[PDB]
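Peer 1: quick one: experimental structure and sequence below.
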6 protein chains.
Amino acid sequence: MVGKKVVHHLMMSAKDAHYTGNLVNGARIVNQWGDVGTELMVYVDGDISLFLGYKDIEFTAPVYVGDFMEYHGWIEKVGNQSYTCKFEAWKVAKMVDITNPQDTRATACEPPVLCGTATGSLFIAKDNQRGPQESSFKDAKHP
Amino acid sequence: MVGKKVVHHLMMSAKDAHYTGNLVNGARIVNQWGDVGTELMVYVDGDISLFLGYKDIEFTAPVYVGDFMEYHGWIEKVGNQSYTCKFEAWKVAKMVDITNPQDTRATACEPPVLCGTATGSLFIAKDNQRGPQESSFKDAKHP
Amino acid sequence: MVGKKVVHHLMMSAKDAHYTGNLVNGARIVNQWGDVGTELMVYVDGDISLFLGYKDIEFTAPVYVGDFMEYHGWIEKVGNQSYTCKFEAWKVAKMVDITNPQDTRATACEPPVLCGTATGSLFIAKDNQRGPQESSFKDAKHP
Amino acid sequence: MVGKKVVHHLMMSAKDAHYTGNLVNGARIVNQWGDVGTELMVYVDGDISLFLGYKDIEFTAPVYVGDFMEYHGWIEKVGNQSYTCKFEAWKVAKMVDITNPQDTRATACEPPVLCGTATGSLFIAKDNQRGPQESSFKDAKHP
Amino acid sequence: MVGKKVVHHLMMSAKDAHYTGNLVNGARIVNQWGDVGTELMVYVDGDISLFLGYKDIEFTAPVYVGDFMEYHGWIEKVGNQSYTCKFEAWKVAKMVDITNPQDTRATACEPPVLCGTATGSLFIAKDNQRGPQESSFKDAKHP
Amino acid sequence: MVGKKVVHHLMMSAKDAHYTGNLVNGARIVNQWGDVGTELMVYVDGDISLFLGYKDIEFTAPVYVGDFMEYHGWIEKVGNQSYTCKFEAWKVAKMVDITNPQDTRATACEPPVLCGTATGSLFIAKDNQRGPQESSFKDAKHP
Ligand SMILES: [Zn+2]
Ligand SMILES: [Zn+2]
Ligand SMILES: [Zn+2]
Ligand SMILES: [Zn+2]
Ligand SMILES: [Zn+2]
Ligand SMILES: [Zn+2]
């Protein structure tokens, strides 16, 4: 790991439903990993970066309205202009019975439930790199 | 404090702009504190709860597109059916120059910048309380 | 009251649901009061202003998809740079049975149902104040 | 006119921009007229109705982020199952200079600026009509 | 027809619901026809244009979450500054039973189901017309 | 290829901006490929399916507000419960100068510009497969 792990955390609201049955789409996780990756790039080189692509996105558990979700990312390798990052998505709380809209019961997921993993790469053109911006990234070094 | 502090963390995207000039509205913070409060209520008594009101919301710094934000909340007092909570909002990263849309430079806020505080109260009817759901809340006790 | 009361009015659509059960979050009301406050500031001094904070937000009735809502605000006191405003939220129509998604019946709320109240304050820096912009605000005077 | 005029009122936020240059699309007005029409149908016959179509939508002035807008509608004719309604859209306040994102100046539109008109028709199947729900509609009568 | 028919195609997600019962509003179709019209104007004269109005919008079948929809438009007449266009909306796939949120069954609409038609007009000021931009529009000629 | 290619087509509006500078996030493409994949699954086996993951997402050109985009997908292999699909994203029109918000000029991309590719897999549990629903998929066969 280069630098600290970045952790986003938020709730799936009714606005996050995508399919019928209060089911959130897997792309919602990818949206959040894009923002996690951006934060990592701000810290390592002071630019919001451009997202190049992914490998091995795996969606491992369904996500519903009322789930509380965490999205973890970290830099695995600092390249010359490209940065290889790893990502995870975890469910930390949920409604007890999504099928009953009037049921207000909810609980924690302890341990948390793995909902996705991915490897991604981000790019900052050499002329736009500004060096580390956040103290945990100070010994980021390039090849 | 009763139980653990809950920390939401996410990015302000262009979708979070509300006013002209890429300025986010203060209500965006209140939206997030509602979800923080919900998470606390899930953990303390197993219900999503109803939000009763606030006191002393203070908005202390402007928030823009490209800001990375954290939203902290915790339970201060467990009542019979009402729960008094404290909330904070903190900026952890930002664009360098929001006034130049083509400027991709961004940096950390170290130390983080205080953007808001509030006291709020949430309600779970007695019949809907289920006891603690998350281990850090196990010694929640009522009057 | 200084100037006229501003009244926003609109419908809660399915897009306004936040929690399960077609329940709208209280923060939706705060979002609308921010826009009511902005309109008041445009009229009193010709600037969109910055929202400083609230006191005594109280949420008094639940709001659902298909509710028609009014949001009232007015200036109580013109300060030097700060303006104290009062806000209310009222339900004027609703679905008869939110628990049956196929039920299309709806009715008025006559009398209207109080859903929230608040006191808030908004700020316009002295250099940005332009004087009244709307005829009902012409005798706005500062201390 | 049958019954009272319904008036929606709200702000165009940055979220309402559609085209480049902070320009709102004309369809945003049609969205709001759909909700105005729904409210009229709730009042005249107690059902949210189905929107059948329009004639003569005319868009008469551009709408931008930061405009405050009113949307008026009323019933012109109560049919057997169809209801002919008239609609208008009016601008009541606006930013002074949309082309300068840092300019916070705004003013009223006094008199208000006409932004659109339309004639539309809505439908409630005979079996779903429940009679008037709001006192101003009490003498709604059908052919 | 002047030039080619433009065809938009997409899915109604849960985010497109507007009324209760997973029902999409007719204005969603008008939103899409605005974007179809824009594309036609880009191709015929190189400007995003301004939408002037409609005649004869007819909404002919309800649209729900999980419907796959196509939106067709074409130029019927090139005027001096105004362009008369025709529009259609077609349903190509749908959920089998919208009333059961846990039912994941879906099917095609073969033949496709007509959901709307309209005639609209768009405007490009003479000074902003740039001539055809897309090869199928090369023989666009004005009066 | 098994069955026909599915083509989604739509516009990036101001609502699709994500980063500063009117830049759309790469996750917007992944959102659309999820809906393309869903449509393919409806046609091949009559269920909306669950998205399993991706390989080799590559983002190849930036996307901005005012771009018109096409999203292509097709089934490469029908498995027992998993379906391997290929996806592409293409830009077909764009604003001439995104950096000038008042510039309304736009043009076609002829030839269209490649913005992304991916391989993905979708899942329908055996008990939920219903056979082909759309005539071009009639000779879908499983191992
Ligand atoms: Zn570096
Ligand atoms: Zn308890
Ligand atoms: Zn003044
Ligand atoms: Zn009647
Ligand atoms: Zn021409
Ligand atoms: Zn099959």
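Peer 2: Yes, it's here. Numbering: from 1, shown residues only, chains lettered A, B, ... in the order given. Ligands and ions are numbered 1, 2, ... in the order given.
Peer 1: please list the residues of chain A that sit near chain B.
Peer 2: Proximity of chain A to chain B (CB under 8 Å from any CB of the partner chain) is limited to residues A:7-11, A:13, A:32, A:35, A:38-39, A:42-43, A:46-49, A:66, A:68, A:93, A:95, A:104-108, A:110, A:128, A:130, A:133-135. Using the backbone N, CA and C atoms, a C-beta is placed for each residue, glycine as well.
Peer 1: cutoff 6 Å now
Peer 2: Within chain A, the residues that sit near chain B (CB under 6 Å from any CB of the partner chain) are A:8-11, A:35, A:39, A:42, A:46-48, A:68, A:93, A:104-108, A:133-134.
Peer 1: wait, residue A:82 touches residue A:121, no?
Peer 2: Yes. Counting by CB atoms under 6 Å, residue A:121 is a contact partner of residue A:82 at 5.3 Å.
Peer 1: ok, the two, which is more surrounded?
Peer 2: residue A:121 (20 against 15; other CB atoms under 10 Å in any protein chain shown).
Peer 1: next up, the contacts around that one.
Peer 2: A:52-53, A:82, A:84 (CB atoms under 6 Å, 6 or more residues apart in numbering or on different chains).
Peer 1: redo the residues you listed as TSV? Include distance to residue C:21 and secondary structure.
Peer 2: Output for the contacts of residue A:121, formatted as TSV (distance: CB to CB, whole Å; DSSP: H, G, I helix; E, B strand; the rest coil):
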residue	distance to residue C:21	secondary structure
A:52	41	strand
A:53	39	strand
A:82	46	strand
A:84	43	strand
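Peer 1: what bridges to the residue nearest to residue A:58 when sequence neighbours are not counted?
Peer 2: Excluding its sequence neighbours, the residue lying closest to residue A:58 (CB to CB, 6 or more residues apart in numbering or on different chains) is residue F:53, at 4.2 Å. Beta-bridge pairing for residue F:53 (DSSP bridges): residue A:58, residue F:121.
Peer 1: which bits of chain A sit near chain C?
Peer 2: A:13-14, A:65-66, A:101-102.
Peer 1: which residue ranges of chain A form strands?
Peer 2: In chain A, the strands defined using DSSP state E lie at A:2-11, A:17-19, A:23-24, A:50-59, A:68-78, A:82-95, A:106-123.
Peer 1: how about the residues of chain A by chain F?
Peer 2: Near chain F, when you scan chain A using CB under 6 Å from any CB, you find A:19, A:25-27, A:30-31, A:34, A:48, A:51, A:53-54, A:57-59.
Peer 1: and of those, the nearest to residue F:139?
Peer 2: Set against residue F:139, the nearest of these by CB to CB is residue A:19 (27.7 Å).
Peer 1: tell me who's in contact with that closest one.
Peer 2: Contacts of residue A:19 (CB under 6 Å, 6+ apart): residue F:48.
Peer 1: so what's residue A:109 up against?
Peer 2: Shown in contact with residue A:109 (CB under 6 Å, 6+ apart): A:91-92.
Peer 1: change it to 8 Å
Peer 2: A:91-94 (CB atoms under 8 Å, 6 or more residues apart in numbering or on different chains).
Peer 1: ok, now residue A:1?
Peer 2: By CB under 8 Å, 6+ apart, the contact list for residue A:1 reads A:74-76.
Peer 1: same question, residue A:20
Peer 2: E:14, E:22, E:65-66, E:95, E:98, E:101, E:103-104, F:48.
Peer 1: need the outlier residue of chain A, farthest from its centre.
Peer 2: Residue farthest from the centre of chain A, counting by CA atoms, centre = their mean, is residue A:102 at 30.6 Å.
Peer 1: for ligand 5, see how far away that one is.
Peer 2: Residue A:102 is 58 Å from ligand 5, where distance means CB to the ion, to the nearest Å.
Peer 1: nearest to ligand 5: which residue in chain A?
Peer 2: Nearest to ligand 5 in chain A, going by CB to the ion, is residue A:50, at a distance of 36.3 Å.
Peer 1: skip the chain neighbours and tell me the closest residue to that residue.
Peer 2: Counting by CB to CB, 6+ apart, the residue nearest residue A:50 is residue A:123, at 4.8 Å.
Peer 1: how much space is there between whichever residue of chain A sits closest to ligand 6 and residue E:68?
Peer 2: Distances between chain A and ligand 6 by CB to the ion are smallest at residue A:19, namely 20.1 Å. From residue A:19 over to residue E:68 the distance is 13 Å, taken as CB to CB, to the nearest Å.
Peer 1: likewise residue A:9?
Peer 2: Taking CB to CB, one finds residue A:9 at 34 Å from residue E:68.
Peer 1: settle it for me: which of the two has more neighbours?
Peer 2: residue E:68 (25 against 22).
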